[PDB]
file query.cif (mmCIF, C-alpha atoms and all ligand atoms; chains and numbers go by the auth columns)
data_final
loop_
_atom_site.group_PDB
_atom_site.id
_atom_site.type_symbol
_atom_site.label_atom_id
_atom_site.label_comp_id
_atom_site.label_asym_id
_atom_site.label_seq_id
_atom_site.Cartn_x
_atom_site.Cartn_y
_atom_site.Cartn_z
_atom_site.B_iso_or_equiv
_atom_site.auth_seq_id
_atom_site.auth_asym_id
ATOM 1 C CA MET A 1 92.596 28.666 22.025 0.00 1 N
ATOM 2 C CA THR A 2 92.794 26.996 18.625 0.00 2 N
ATOM 3 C CA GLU A 3 90.818 23.750 18.561 0.00 3 N
ATOM 4 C CA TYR A 4 91.991 21.509 15.737 0.00 4 N
ATOM 5 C CA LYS A 5 89.557 18.852 14.531 0.00 5 N
ATOM 6 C CA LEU A 6 91.462 15.859 13.171 0.00 6 N
ATOM 7 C CA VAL A 7 90.571 12.249 12.430 0.00 7 N
ATOM 8 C CA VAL A 8 92.701 9.150 11.884 0.00 8 N
ATOM 9 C CA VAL A 9 92.079 6.747 9.022 0.00 9 N
ATOM 10 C CA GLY A 10 93.263 3.176 8.642 0.00 10 N
ATOM 11 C CA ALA A 11 92.272 -0.433 9.267 0.00 11 N
ATOM 12 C CA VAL A 12 92.433 -3.213 11.858 0.00 12 N
ATOM 13 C CA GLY A 13 96.023 -4.130 12.634 0.00 13 N
ATOM 14 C CA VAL A 14 97.509 -0.673 12.272 0.00 14 N
ATOM 15 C CA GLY A 15 97.176 0.220 15.947 0.00 15 N
ATOM 16 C CA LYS A 16 96.100 3.848 15.663 0.00 16 N
ATOM 17 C CA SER A 17 94.970 3.744 19.288 0.00 17 N
ATOM 18 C CA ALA A 18 98.457 2.779 20.452 0.00 18 N
ATOM 19 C CA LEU A 19 99.899 5.712 18.521 0.00 19 N
ATOM 20 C CA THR A 20 97.458 8.223 19.979 0.00 20 N
ATOM 21 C CA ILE A 21 97.789 7.133 23.631 0.00 21 N
ATOM 22 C CA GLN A 22 101.580 7.365 23.227 0.00 22 N
ATOM 23 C CA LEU A 23 101.165 11.083 22.502 0.00 23 N
ATOM 24 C CA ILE A 24 98.235 11.630 24.869 0.00 24 N
ATOM 25 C CA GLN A 25 99.801 10.355 28.094 0.00 25 N
ATOM 26 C CA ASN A 26 103.181 9.084 26.842 0.00 26 N
ATOM 27 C CA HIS A 27 102.326 5.398 27.243 0.00 27 N
ATOM 28 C CA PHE A 28 102.581 2.341 24.991 0.00 28 N
ATOM 29 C CA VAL A 29 99.786 -0.216 25.174 0.00 29 N
ATOM 30 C CA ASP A 30 100.526 -3.712 23.846 0.00 30 N
ATOM 31 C CA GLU A 31 96.943 -4.978 23.980 0.00 31 N
ATOM 32 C CA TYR A 32 94.863 -4.252 20.893 0.00 32 N
ATOM 33 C CA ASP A 33 91.553 -2.692 21.879 0.00 33 N
ATOM 34 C CA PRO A 34 88.654 -2.397 19.401 0.00 34 N
ATOM 35 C CA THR A 35 88.129 1.351 19.282 0.00 35 N
ATOM 36 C CA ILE A 36 84.740 2.458 17.993 0.00 36 N
ATOM 37 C CA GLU A 37 84.369 5.957 19.407 0.00 37 N
ATOM 38 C CA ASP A 38 87.278 7.670 21.155 0.00 38 N
ATOM 39 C CA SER A 39 88.109 11.369 21.195 0.00 39 N
ATOM 40 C CA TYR A 40 91.401 12.748 22.476 0.00 40 N
ATOM 41 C CA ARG A 41 91.599 16.399 23.465 0.00 41 N
ATOM 42 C CA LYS A 42 95.186 17.213 24.413 0.00 42 N
ATOM 43 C CA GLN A 43 96.797 20.647 24.581 0.00 43 N
ATOM 44 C CA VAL A 44 99.979 20.963 22.536 0.00 44 N
ATOM 45 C CA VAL A 45 102.377 23.893 22.299 0.00 45 N
ATOM 46 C CA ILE A 46 102.938 23.852 18.544 0.00 46 N
ATOM 47 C CA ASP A 47 105.856 26.200 17.806 0.00 47 N
ATOM 48 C CA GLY A 48 104.955 28.104 20.958 0.00 48 N
ATOM 49 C CA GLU A 49 101.243 28.178 20.199 0.00 49 N
ATOM 50 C CA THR A 50 99.348 26.390 22.951 0.00 50 N
ATOM 51 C CA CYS A 51 96.386 24.901 21.110 0.00 51 N
ATOM 52 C CA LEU A 52 94.010 21.982 21.606 0.00 52 N
ATOM 53 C CA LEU A 53 94.416 18.939 19.405 0.00 53 N
ATOM 54 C CA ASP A 54 91.118 17.040 19.168 0.00 54 N
ATOM 55 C CA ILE A 55 91.763 13.645 17.617 0.00 55 N
ATOM 56 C CA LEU A 56 88.928 11.203 16.957 0.00 56 N
ATOM 57 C CA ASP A 57 89.972 7.571 16.645 0.00 57 N
ATOM 58 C CA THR A 58 87.659 5.969 14.119 0.00 58 N
ATOM 59 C CA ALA A 59 87.062 2.252 13.665 0.00 59 N
ATOM 60 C CA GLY A 60 89.306 0.396 11.245 0.00 60 N
ATOM 61 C CA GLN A 61 86.313 -1.159 9.533 0.00 61 N
ATOM 62 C CA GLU A 62 83.653 -0.242 6.983 0.00 62 N
ATOM 63 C CA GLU A 63 80.682 -0.876 9.261 0.00 63 N
ATOM 64 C CA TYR A 64 80.044 2.746 10.246 0.00 64 N
ATOM 65 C CA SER A 65 80.610 4.227 6.783 0.00 65 N
ATOM 66 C CA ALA A 66 77.372 6.211 7.037 0.00 66 N
ATOM 67 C CA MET A 67 78.695 7.832 10.205 0.00 67 N
ATOM 68 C CA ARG A 68 82.090 8.397 8.619 0.00 68 N
ATOM 69 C CA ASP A 69 80.745 11.113 6.298 0.00 69 N
ATOM 70 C CA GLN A 70 79.694 13.068 9.402 0.00 70 N
ATOM 71 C CA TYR A 71 83.136 13.849 10.833 0.00 71 N
ATOM 72 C CA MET A 72 84.741 13.432 7.402 0.00 72 N
ATOM 73 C CA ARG A 73 83.323 16.845 6.488 0.00 73 N
ATOM 74 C CA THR A 74 84.123 18.320 9.916 0.00 74 N
ATOM 75 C CA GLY A 75 87.713 17.135 10.271 0.00 75 N
ATOM 76 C CA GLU A 76 90.243 19.290 8.452 0.00 76 N
ATOM 77 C CA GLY A 77 93.290 17.103 8.951 0.00 77 N
ATOM 78 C CA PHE A 78 93.328 13.443 7.986 0.00 78 N
ATOM 79 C CA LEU A 79 95.940 11.280 9.669 0.00 79 N
ATOM 80 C CA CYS A 80 96.740 8.480 7.235 0.00 80 N
ATOM 81 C CA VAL A 81 98.763 5.757 8.931 0.00 81 N
ATOM 82 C CA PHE A 82 99.483 2.523 7.072 0.00 82 N
ATOM 83 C CA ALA A 83 101.298 -0.544 8.379 0.00 83 N
ATOM 84 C CA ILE A 84 104.163 -1.964 6.313 0.00 84 N
ATOM 85 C CA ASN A 85 103.205 -5.359 7.735 0.00 85 N
ATOM 86 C CA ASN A 86 100.493 -5.658 5.094 0.00 86 N
ATOM 87 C CA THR A 87 100.612 -4.564 1.460 0.00 87 N
ATOM 88 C CA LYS A 88 96.816 -4.182 1.459 0.00 88 N
ATOM 89 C CA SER A 89 97.118 -1.119 3.688 0.00 89 N
ATOM 90 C CA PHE A 90 99.088 0.449 0.840 0.00 90 N
ATOM 91 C CA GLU A 91 96.371 -0.436 -1.660 0.00 91 N
ATOM 92 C CA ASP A 92 93.444 0.810 0.457 0.00 92 N
ATOM 93 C CA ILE A 93 94.926 4.286 0.117 0.00 93 N
ATOM 94 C CA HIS A 94 93.122 4.548 -3.219 0.00 94 N
ATOM 95 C CA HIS A 95 89.807 3.849 -1.478 0.00 95 N
ATOM 96 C CA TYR A 96 90.236 6.619 1.078 0.00 96 N
ATOM 97 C CA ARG A 97 91.697 8.887 -1.622 0.00 97 N
ATOM 98 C CA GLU A 98 88.551 8.958 -3.746 0.00 98 N
ATOM 99 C CA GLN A 99 86.427 8.831 -0.587 0.00 99 N
ATOM 100 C CA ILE A 100 87.976 11.932 0.995 0.00 100 N
ATOM 101 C CA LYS A 101 88.205 13.703 -2.377 0.00 101 N
ATOM 102 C CA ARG A 102 84.428 13.415 -2.724 0.00 102 N
ATOM 103 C CA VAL A 103 83.395 14.368 0.828 0.00 103 N
ATOM 104 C CA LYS A 104 85.946 17.204 0.915 0.00 104 N
ATOM 105 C CA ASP A 105 84.588 18.621 -2.355 0.00 105 N
ATOM 106 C CA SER A 106 88.181 19.404 -3.303 0.00 106 N
ATOM 107 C CA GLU A 107 91.167 17.679 -4.897 0.00 107 N
ATOM 108 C CA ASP A 108 93.455 19.142 -2.230 0.00 108 N
ATOM 109 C CA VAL A 109 93.265 18.904 1.561 0.00 109 N
ATOM 110 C CA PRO A 110 95.842 18.886 4.435 0.00 110 N
ATOM 111 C CA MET A 111 96.595 15.174 4.715 0.00 111 N
ATOM 112 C CA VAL A 112 99.696 13.304 5.811 0.00 112 N
ATOM 113 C CA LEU A 113 100.745 9.821 4.771 0.00 113 N
ATOM 114 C CA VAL A 114 102.932 8.096 7.347 0.00 114 N
ATOM 115 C CA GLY A 115 104.097 4.527 7.812 0.00 115 N
ATOM 116 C CA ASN A 116 103.810 2.653 11.096 0.00 116 N
ATOM 117 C CA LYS A 117 105.510 -0.460 12.500 0.00 117 N
ATOM 118 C CA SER A 118 108.609 0.087 10.367 0.00 118 N
ATOM 119 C CA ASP A 119 110.616 -1.491 13.181 0.00 119 N
ATOM 120 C CA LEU A 120 109.004 -4.837 12.349 0.00 120 N
ATOM 121 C CA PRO A 121 111.128 -7.419 10.466 0.00 121 N
ATOM 122 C CA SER A 122 108.221 -7.934 8.073 0.00 122 N
ATOM 123 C CA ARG A 123 108.972 -5.068 5.707 0.00 123 N
ATOM 124 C CA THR A 124 106.374 -6.034 3.115 0.00 124 N
ATOM 125 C CA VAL A 125 106.057 -2.417 2.036 0.00 125 N
ATOM 126 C CA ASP A 126 109.366 -0.902 0.960 0.00 126 N
ATOM 127 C CA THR A 127 110.121 2.787 1.505 0.00 127 N
ATOM 128 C CA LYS A 128 110.679 3.420 -2.234 0.00 128 N
ATOM 129 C CA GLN A 129 107.051 2.556 -2.996 0.00 129 N
ATOM 130 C CA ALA A 130 105.872 4.853 -0.205 0.00 130 N
ATOM 131 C CA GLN A 131 108.156 7.730 -1.199 0.00 131 N
ATOM 132 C CA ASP A 132 107.327 7.460 -4.909 0.00 132 N
ATOM 133 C CA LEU A 133 103.584 7.322 -4.233 0.00 133 N
ATOM 134 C CA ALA A 134 103.834 10.201 -1.773 0.00 134 N
ATOM 135 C CA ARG A 135 105.746 12.167 -4.404 0.00 135 N
ATOM 136 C CA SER A 136 102.885 11.612 -6.856 0.00 136 N
ATOM 137 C CA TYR A 137 100.540 13.798 -4.788 0.00 137 N
ATOM 138 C CA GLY A 138 103.387 15.787 -3.301 0.00 138 N
ATOM 139 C CA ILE A 139 102.779 14.843 0.318 0.00 139 N
ATOM 140 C CA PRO A 140 105.436 14.386 3.038 0.00 140 N
ATOM 141 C CA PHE A 141 105.967 10.779 4.091 0.00 141 N
ATOM 142 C CA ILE A 142 107.062 10.320 7.698 0.00 142 N
ATOM 143 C CA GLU A 143 108.363 7.009 9.006 0.00 143 N
ATOM 144 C CA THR A 144 106.890 6.464 12.466 0.00 144 N
ATOM 145 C CA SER A 145 106.531 3.832 15.171 0.00 145 N
ATOM 146 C CA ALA A 146 105.259 4.030 18.736 0.00 146 N
ATOM 147 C CA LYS A 147 107.234 0.893 19.536 0.00 147 N
ATOM 148 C CA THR A 148 110.586 2.553 18.886 0.00 148 N
ATOM 149 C CA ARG A 149 109.150 6.063 19.383 0.00 149 N
ATOM 150 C CA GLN A 150 111.275 7.971 16.866 0.00 150 N
ATOM 151 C CA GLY A 151 110.183 11.169 15.143 0.00 151 N
ATOM 152 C CA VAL A 152 106.624 10.700 16.346 0.00 152 N
ATOM 153 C CA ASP A 153 106.426 14.158 17.892 0.00 153 N
ATOM 154 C CA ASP A 154 107.947 15.681 14.752 0.00 154 N
ATOM 155 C CA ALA A 155 105.115 14.296 12.618 0.00 155 N
ATOM 156 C CA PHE A 156 102.485 15.886 14.868 0.00 156 N
ATOM 157 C CA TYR A 157 104.248 19.250 15.127 0.00 157 N
ATOM 158 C CA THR A 158 104.762 19.566 11.376 0.00 158 N
ATOM 159 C CA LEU A 159 101.216 18.328 10.703 0.00 159 N
ATOM 160 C CA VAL A 160 99.700 21.364 12.421 0.00 160 N
ATOM 161 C CA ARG A 161 101.945 23.606 10.324 0.00 161 N
ATOM 162 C CA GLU A 162 100.364 22.218 7.156 0.00 162 N
ATOM 163 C CA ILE A 163 96.947 23.083 8.554 0.00 163 N
ATOM 164 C CA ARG A 164 98.156 26.622 9.250 0.00 164 N
ATOM 165 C CA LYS A 165 99.552 26.893 5.719 0.00 165 N
ATOM 166 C CA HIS A 166 96.214 25.741 4.299 0.00 166 N
ATOM 167 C CA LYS A 167 94.614 28.728 6.014 0.00 167 N
ATOM 168 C CA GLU A 168 97.230 31.469 6.050 0.00 168 N
HETATM 169 O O1 LIG B . 80.415 14.465 17.481 0.00 201 N
HETATM 170 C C1 LIG B . 81.079 14.247 18.517 0.00 201 N
HETATM 171 O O2 LIG B . 80.565 13.981 19.628 0.00 201 N
HETATM 172 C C2 LIG B . 82.464 14.312 18.436 0.00 201 N
HETATM 173 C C3 LIG B . 83.074 14.614 17.230 0.00 201 N
HETATM 174 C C4 LIG B . 84.462 14.683 17.146 0.00 201 N
HETATM 175 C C5 LIG B . 85.305 14.486 18.160 0.00 201 N
HETATM 176 N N1 LIG B . 86.548 14.645 17.703 0.00 201 N
HETATM 177 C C6 LIG B . 86.519 14.942 16.401 0.00 201 N
HETATM 178 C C7 LIG B . 87.520 15.197 15.478 0.00 201 N
HETATM 179 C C8 LIG B . 87.186 15.486 14.157 0.00 201 N
HETATM 180 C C9 LIG B . 85.851 15.518 13.763 0.00 201 N
HETATM 181 C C10 LIG B . 84.848 15.261 14.686 0.00 201 N
HETATM 182 C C11 LIG B . 85.189 14.976 16.003 0.00 201 N
#

call {"tool": "encode", "arguments": {"input": "query.cif", "output": "structure tokens", "more": "lines below"}}
Ligand SMILES: O=C(O)/C=C/c1c[nH]c2ccccc12
result
Amino acid sequence: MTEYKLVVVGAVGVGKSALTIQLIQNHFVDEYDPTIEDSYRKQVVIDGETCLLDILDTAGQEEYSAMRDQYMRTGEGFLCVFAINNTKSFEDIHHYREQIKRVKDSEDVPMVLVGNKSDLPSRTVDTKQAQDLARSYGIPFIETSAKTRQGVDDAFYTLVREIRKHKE
């Protein structure tokens, strides 16, 4: 059984825990819980391949940065989810960019940049900015939301494919 080691990156307000639980047990939690250390091991039949998807929900802060480097070198796939509710989440991408680039010891690595909470009326971050930026690195941008739950599964299924392509 293929055991994929992935980690999610973001900040407080994104709601990465609400996105994970929605795909772990198909449930949407409204309450925001401060996640510090949570690992999700769920079996997914990706294109017919029943594999295990281990997802570690990291804190949306910079308090455990010394511990970040630990799984940052172990995780192959980086789930980058930014909220269009804040333009800062679109700026912090540069921080993680140079951060991952260093710890990964490579300029390339299977990463996906997706937007969350697009169903919110506060569209501070427009799709053109996201698409153009995504096109700079050549990464697929997927509009997602656990509130409306549209194309969420697609993002996960195609994500694994990128990991496969980075190997074979
Ligand atoms: O060290 C532990 O006890 C757990 C580590 C991890 C659990 N899920 C992960 C996903 C990517 C990288 C590391 C992990």

call {"tool": "residues_near_ligand", "arguments": {"input": "query.cif", "ligand": "ligand LIG 201 (chain N)", "cutoff": "6 Å", "atoms": "only C-alpha atoms and all ligand atoms", "output": "PyMOL selection string"}}
result
chain N and resi 5-7+39+54-56+71+74-75

call {"tool": "atom_distance", "arguments": {"input": "query.cif", "atom1": "atom CA of residue N:116", "atom2": "atom CA of residue N:30"}}
result
14.6 Å

call {"tool": "atom_distance", "arguments": {"input": "query.cif", "atom1": "atom CA of residue N:25", "atom2": "atom CA of residue N:155"}}
result
16.8 Å

call {"tool": "resolve_selection", "arguments": {"input": "query.cif", "expression": "the PyMOL selection byres (((chain N and resi 156) around 10) and not hetatm)", "output": "PyMOL selection string"}}
result
chain N and resi 23+44+46+53+79+112+151-155+157-161

call {"tool": "atom_distance", "arguments": {"input": "query.cif", "atom1": "atom CA of residue N:143", "atom2": "atom CA of residue N:126"}}
result
11.3 Å

call {"tool": "decode", "arguments": {"input": "query.cif", "residues": "stretch 107-127 of chain N", "atoms": "N, CA, C and O atoms", "output": "JSON list (two decimals), in the first residue's frame"}}
result
[["chain", "number", "residue", "atom", "x", "y", "z"],
["N", 107, "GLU", "N", 14.50, 23.56, -6.79],
["N", 107, "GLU", "CA", 13.67, 24.67, -7.23],
["N", 107, "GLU", "C", 12.30, 24.15, -7.67],
["N", 107, "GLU", "O", 11.37, 24.93, -7.89],
["N", 108, "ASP", "N", 12.19, 22.83, -7.80],
["N", 108, "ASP", "CA", 10.93, 22.20, -8.20],
["N", 108, "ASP", "C", 10.51, 21.15, -7.18],
["N", 108, "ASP", "O", 11.35, 20.47, -6.60],
["N", 109, "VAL", "N", 9.21, 21.04, -6.97],
["N", 109, "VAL", "CA", 8.65, 20.09, -6.01],
["N", 109, "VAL", "C", 7.13, 20.06, -6.19],
["N", 109, "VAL", "O", 6.52, 21.11, -6.38],
["N", 110, "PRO", "N", 6.51, 18.86, -6.17],
["N", 110, "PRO", "CA", 5.06, 18.70, -6.33],
["N", 110, "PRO", "C", 4.25, 19.50, -5.31],
["N", 110, "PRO", "O", 4.03, 19.05, -4.18],
["N", 111, "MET", "N", 3.83, 20.69, -5.70],
["N", 111, "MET", "CA", 3.05, 21.56, -4.85],
["N", 111, "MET", "C", 1.83, 22.05, -5.61],
["N", 111, "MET", "O", 1.88, 22.22, -6.83],
["N", 112, "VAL", "N", 0.74, 22.29, -4.90],
["N", 112, "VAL", "CA", -0.48, 22.77, -5.51],
["N", 112, "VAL", "C", -0.96, 24.02, -4.80],
["N", 112, "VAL", "O", -1.00, 24.07, -3.57],
["N", 113, "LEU", "N", -1.33, 25.02, -5.57],
["N", 113, "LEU", "CA", -1.81, 26.28, -5.03],
["N", 113, "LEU", "C", -3.30, 26.41, -5.29],
["N", 113, "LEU", "O", -3.73, 26.58, -6.43],
["N", 114, "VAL", "N", -4.10, 26.30, -4.24],
["N", 114, "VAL", "CA", -5.54, 26.37, -4.37],
["N", 114, "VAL", "C", -6.13, 27.48, -3.49],
["N", 114, "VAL", "O", -5.56, 27.84, -2.46],
["N", 115, "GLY", "N", -7.27, 28.01, -3.91],
["N", 115, "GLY", "CA", -7.91, 29.06, -3.15],
["N", 115, "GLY", "C", -9.12, 28.54, -2.40],
["N", 115, "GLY", "O", -9.89, 27.75, -2.95],
["N", 116, "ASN", "N", -9.28, 28.97, -1.16],
["N", 116, "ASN", "CA", -10.39, 28.53, -0.33],
["N", 116, "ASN", "C", -11.30, 29.70, 0.05],
["N", 116, "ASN", "O", -10.86, 30.85, 0.07],
["N", 117, "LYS", "N", -12.55, 29.37, 0.35],
["N", 117, "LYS", "CA", -13.56, 30.36, 0.76],
["N", 117, "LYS", "C", -13.90, 31.32, -0.37],
["N", 117, "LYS", "O", -14.15, 32.50, -0.14],
["N", 118, "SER", "N", -13.92, 30.80, -1.59],
["N", 118, "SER", "CA", -14.24, 31.60, -2.76],
["N", 118, "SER", "C", -15.73, 31.92, -2.81],
["N", 118, "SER", "O", -16.17, 32.80, -3.57],
["N", 119, "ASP", "N", -16.50, 31.22, -2.00],
["N", 119, "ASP", "CA", -17.94, 31.41, -1.93],
["N", 119, "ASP", "C", -18.28, 32.63, -1.08],
["N", 119, "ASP", "O", -19.43, 33.07, -1.03],
["N", 120, "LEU", "N", -17.28, 33.17, -0.39],
["N", 120, "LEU", "CA", -17.48, 34.35, 0.45],
["N", 120, "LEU", "C", -17.65, 35.59, -0.42],
["N", 120, "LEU", "O", -17.05, 35.70, -1.49],
["N", 121, "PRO", "N", -18.48, 36.54, 0.04],
["N", 121, "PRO", "CA", -18.73, 37.79, -0.70],
["N", 121, "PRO", "C", -17.51, 38.71, -0.70],
["N", 121, "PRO", "O", -17.40, 39.61, -1.53],
["N", 122, "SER", "N", -16.60, 38.47, 0.24],
["N", 122, "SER", "CA", -15.39, 39.26, 0.37],
["N", 122, "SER", "C", -14.30, 38.73, -0.55],
["N", 122, "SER", "O", -13.35, 38.09, -0.10],
["N", 123, "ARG", "N", -14.44, 38.98, -1.85],
["N", 123, "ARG", "CA", -13.45, 38.52, -2.81],
["N", 123, "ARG", "C", -12.31, 39.52, -2.91],
["N", 123, "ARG", "O", -12.18, 40.23, -3.91],
["N", 124, "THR", "N", -11.50, 39.60, -1.86],
["N", 124, "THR", "CA", -10.37, 40.50, -1.83],
["N", 124, "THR", "C", -9.34, 40.09, -2.87],
["N", 124, "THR", "O", -8.74, 40.93, -3.54],
["N", 125, "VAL", "N", -9.14, 38.79, -3.01],
["N", 125, "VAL", "CA", -8.20, 38.26, -3.98],
["N", 125, "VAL", "C", -8.95, 37.80, -5.23],
["N", 125, "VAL", "O", -9.76, 36.87, -5.17],
["N", 126, "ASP", "N", -8.69, 38.47, -6.34],
["N", 126, "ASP", "CA", -9.34, 38.13, -7.60],
["N", 126, "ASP", "C", -8.64, 36.94, -8.25],
["N", 126, "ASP", "O", -7.45, 36.72, -8.04],
["N", 127, "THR", "N", -9.40, 36.20, -9.04],
["N", 127, "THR", "CA", -8.90, 34.99, -9.70],
["N", 127, "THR", "C", -7.79, 35.27, -10.72],
["N", 127, "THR", "O", -6.92, 34.42, -10.93]]
